[PDB]
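These are the residues of each chain, in order.
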2 protein chains.
Amino acid sequence: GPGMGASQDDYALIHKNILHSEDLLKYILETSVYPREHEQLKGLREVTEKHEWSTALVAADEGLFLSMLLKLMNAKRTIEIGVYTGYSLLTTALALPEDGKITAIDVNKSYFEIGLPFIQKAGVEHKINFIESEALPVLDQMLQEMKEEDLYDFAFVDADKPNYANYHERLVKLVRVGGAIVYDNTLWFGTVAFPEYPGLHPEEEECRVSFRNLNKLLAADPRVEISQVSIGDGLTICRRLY
Amino acid sequence: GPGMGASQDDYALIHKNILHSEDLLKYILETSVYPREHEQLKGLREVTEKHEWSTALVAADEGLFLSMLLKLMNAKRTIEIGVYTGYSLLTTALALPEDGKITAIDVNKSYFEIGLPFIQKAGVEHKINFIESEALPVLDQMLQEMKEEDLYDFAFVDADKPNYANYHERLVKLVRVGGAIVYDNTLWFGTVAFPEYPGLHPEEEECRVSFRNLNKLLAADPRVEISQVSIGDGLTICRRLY
Ligand SMILES: Nc1ncnc2c1ncn2[C@@H]1O[C@H](CSCC[C@H](N)C(=O)O)[C@@H](O)[C@H]1O
Ligand SMILES: Nc1ncnc2c1ncn2[C@@H]1O[C@H](CSCC[C@H](N)C(=O)O)[C@@H](O)[C@H]1O
Ligand SMILES: [Mg+2]
Ligand SMILES: [Mg+2]
């Protein structure tokens, strides 16, 4: 719609971190991440770093953390909401077993085609089923067709941030009991810690208010036990109880 | 020498944080941690905050993360090194199923007796086998007694930091293949990002060097996959590959 420019350069929080020191984040990346990063994940990240929406790319240290979660819970069927160029999608496909399956949903396949060559040369494209659509209509039709023995083990939510609460009401019925739902950016550059934060782009302000509402909602939801982790831009792990 | 003894006020780092703000950290605790904290964990934490070594108490948001890791990986048998007043121990005991068993090792049981009444009221003391000893002799004795059916699914290391690398050589044999080892304080108040740090206590400088060596070691160890997480004072998750 008509209005103000909503490009990445129009944003205010691009360079703000939740860690105190930029040295500390670089230490973690140089010491414990880059020596453990797949060669194709490195290539996908370096291309994405130059993209016009580079701020949406998931942090590399967080990627190695999501891979650890998938392996420890022995996930085999997962769903990803928000693919972009596919860093977390490639991370997920590399962690799953050979017969693992992923449902990847994004409104823009042009983003996904940027990282598709890296995914292919990693040899894990066969696990991925890409759905070019809005995520909410896909999840609602899944509610129509999913049987209990088809429920997902793991779900990464990283698409349109104000819609997390809407995705939640579907994913607690699409993920198995004891499965995991992870919401990304739940600390939003640290702006959620304050009732008001001046000088944000209108869309950044919408995310701050929506994340402050989601965090209260997740902490009070009896269907789930939560864990908010201050890695990357912050994430909340959600385990379905019933 | 003789006098008043070791204080946590002799240390230079106890007031430091890795997050950008104390408001952000207190937001995480007030929003997502305290409403989910067990009543006995709250009582244990509040008494421990007045102890003379309250700096070593595991952060409450990290406790929920460890509880989440135990359930997602379906842990049943764990080992804890460094108990103190038992916050992480009580966190672990509440997370495990009713038939879970924990081997808790600490050189000082007087610390543990501070938290024992809270563990009893929670009704989980039957899962805990406390051993008052130095950790290394106990771990070595386990290696000659351990059968494959007795391997641990999970190990939390949070004792004397300079001994982590020595604990690592034992724990990759005591933890089952696919099991997890978590090393606490691997970021050490952010000092690991600096080759030199001024004004540190001799024991504080010793662990900054130790953790700079351990983080390089763990990132190069081909026996495990790793994931360093910037929660609390930073931790490193290790998953055994063979
Ligand atoms: N309504 C919607 N439904 C599905 N996807 C959407 C959406 N709105 C935005 N998106 C997509 O969600 C993505 C978020 S960027 C996600 C980053 C990626 N997961 C990573 O690991 O780096 C964008 O590519 C955007 O195209
Ligand atoms: N060599 C050693 N072997 C076993 N325990 C040790 C040790 N050196 C120190 N410790 C113990 O390890 C503890 C570290 S503080 C640990 C904090 C605790 N895990 C928590 O949840 O808060 C101290 O209580 C100390 O008594
Ligand atoms: Mg993100
Ligand atoms: Mg600690």
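Residues numbered from 1 in each chain as written, not as in the entry; some residues may be left out. Chains lettered and ligands numbered in written order. Heavy atoms only, no water. Residues with missing side-chain atoms left out of burial classes, pairs and counts.

Structure determination for this entry is recorded as X-ray crystallography, at 2.65 Å resolution.

All names here are of chain B. Every one of the 17 residues lining ligand 2 counts as a neighbour, but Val-58, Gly-82, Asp-106, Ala-135 and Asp-158 are closest to it. The contact in question runs from a nitrogen atom of ligand 2 to an N or O atom on the backbone of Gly-82, over 2.7 Å. One nitrogen or oxygen atom from the side chain of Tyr-167 is found 3.5 Å from a nitrogen atom belonging to ligand 2. Taking 580 Å² as the accessible area of ligand 2 by itself, protein coverage stands at 87%. When the residues that make up the shell around ligand 2 are grouped by side-chain class, the tally is 10 nonpolar, three polar and four charged. (Near = heavy atom within 4 Å. Polar contact = N/O pair within 3.5 Å; in protein donor to acceptor, adjacent residues only side chain to side chain. Areas by Shrake-Rupley, 256 points an atom, 1.4 Å probe, with all protein chains shown as cover. Nonpolar A, V, L, I, M, F, W, Y, C, P; charged D, E, K, R; others polar.)

Residues and elements named next belong to chain A. Protein ligation of the magnesium ion (ligand 3) involves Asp-158 (OD), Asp-184 (OD) and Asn-185 (OD1), the donor distances falling in the range 2.0 to 2.6 Å. Sequence spacing among the residues donating to the magnesium ion (ligand 3) works out to D-x25-D-N. Separated by 26 residues along the polypeptide, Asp-158 in the loop between β4 (152–157) and α7 (164–174) and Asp-184 in strand β5 (residues 175–184) bring together distant segments of the chain. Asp-184 carries the same exposure label as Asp-158, and that label is buried. (Donors = N, O, S within 2.8 Å, 3.2 Å for Na, K, Ca; no water. Helix = DSSP H or I, 4+ residues; strand = E, 2+ residues; numbered from the N terminus. Buried < 20%, exposed > 50% of the residue type's maximum accessible area, 1.4 Å probe, protein only.)

Residues and elements named next belong to chain A. As a structural note, the neighbourhood of ligand 1 is formed by 17 residues, with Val-58, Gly-82, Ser-88, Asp-106 and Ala-135 the closest of them. In this structure, an oxygen atom belonging to ligand 1 sits 2.8 Å away from a main-chain N or O atom of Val-58. Take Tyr-84: an N or O atom from its main chain is 3.4 Å from an oxygen atom of ligand 1. Computed on the free molecule, ligand 1 has an accessible area of 580 Å², of which 89% lies beneath the protein chains in the complex.

Below, the discussion takes up the sheet that holds strand β5 (residues 175–184) of chain B. All names here are of chain B. In spatial order, the strands read β3-β2-β1-β4-β5-β7-β6; together these seven strands make up an open sheet with mixed pairing. Single-partner strands in this sheet number two, and they are β3 (128–132) and β6 (224–229). Along the sheet, successive strands turn relative to each other by an average axial angle of 15°, direction set aside. Taken together, the five bridges between strand β2 (residues 101–106) and β3 define a ladder with parallel strand orientation. For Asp-106, the partnering residue across the bridge sits in β3 and is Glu-132. (Pairing = 2+ DSSP bridges. Axes fitted to C-alpha atoms, helices over the stretch in contact; angles between N-to-C directions.)

What follows deals with the environment of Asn-215 of chain B. Along the chain, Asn-215 of chain B falls in helix α8 (residues 202–220). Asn-215 of chain B gets classed as buried once you look at its relative accessible area, which sits at 1%. Spatially, the C-alpha atom of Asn-215 of chain B lies 8.9 Å from that of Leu-187 of chain B, the residues being 28 residues apart in sequence. With residues up to four places along the chain from it excluded, the contact list for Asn-215 of chain B reads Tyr-27, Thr-31 and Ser-32 of chain A together with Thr-186, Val-192, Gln-228 and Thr-236 of chain B. Among the polar contacts listed, one links the side chain of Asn-215 of chain B to the side chain of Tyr-27 of chain A, at a separation of 3.0 Å. (Contact = heavy atoms within 4.5 Å.)

All names here are of chain A. Together, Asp-9, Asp-10, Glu-52, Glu-203 and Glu-206 make up a region of like negative charge exposed at the surface. Looking at the secondary structure, you find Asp-9 in the segment before α1 (22–33). Classification of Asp-9 by relative accessible area gives exposed; the value is 73%. (Patch = residues over 30% accessible without salt bridge, like charges linked within 9 Å, V, L, I, M, F, W, Y side chains within 5 Å. Salt bridge = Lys/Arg side-chain N within 4 Å of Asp/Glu carboxyl O. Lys, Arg positive; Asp, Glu negative; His and termini not counted. Charge placed at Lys NZ, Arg CZ, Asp CG, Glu CD.)

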